[PDB]
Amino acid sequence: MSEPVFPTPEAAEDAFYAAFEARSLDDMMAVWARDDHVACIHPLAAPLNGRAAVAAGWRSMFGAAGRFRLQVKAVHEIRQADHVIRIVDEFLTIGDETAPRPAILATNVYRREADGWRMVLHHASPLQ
């Protein structure tokens, strides 16, 4: 019944990464806008367009990934009243390793709504 409301773009991003590390599909999809034009690009992939595609992509990644840890560092932000873009480095430590793999870059775009913020786009890419 209850759906979360994120008061700021930072809260949406915090929720996004928490859902990512927990591999929680319900929590993840609560961060995304209830709009069928959302889009999600995973590293080296073509975009997943609309809620069903985005949801299938997270489901597939969460289901196959096994256990990992995630640490994130912000690199830059472009802030407007209606949309906020946050560019971040994603550091994944996989399975039984204790130092992280090379950073993955991500552009995350948050859109304001009357009562809070939601994600409309995630574009991840590797760094040479």
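One rule holds for the numbers: they count along the sequence shown, beginning at 1.
Checked against the record, the higher mean CA B factor of 97-105 and 37-45 lies with 97-105.
Sorting the modelled residues of the chain by their CA temperature factor places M1 in the highest third.
Residue-level temperature factors show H76 in the middle third of its chain, judged at the C-alpha atom.
Residue-level temperature factors show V54 in the lowest third of its chain, judged at the C-alpha atom.
Among the modelled residues of the chain, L70 sits in the highest third by CA temperature factor in this PDB entry. For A64, the recorded CA B-factor ranks within the lowest third of the chain. Only modelled residues enter the ranking.
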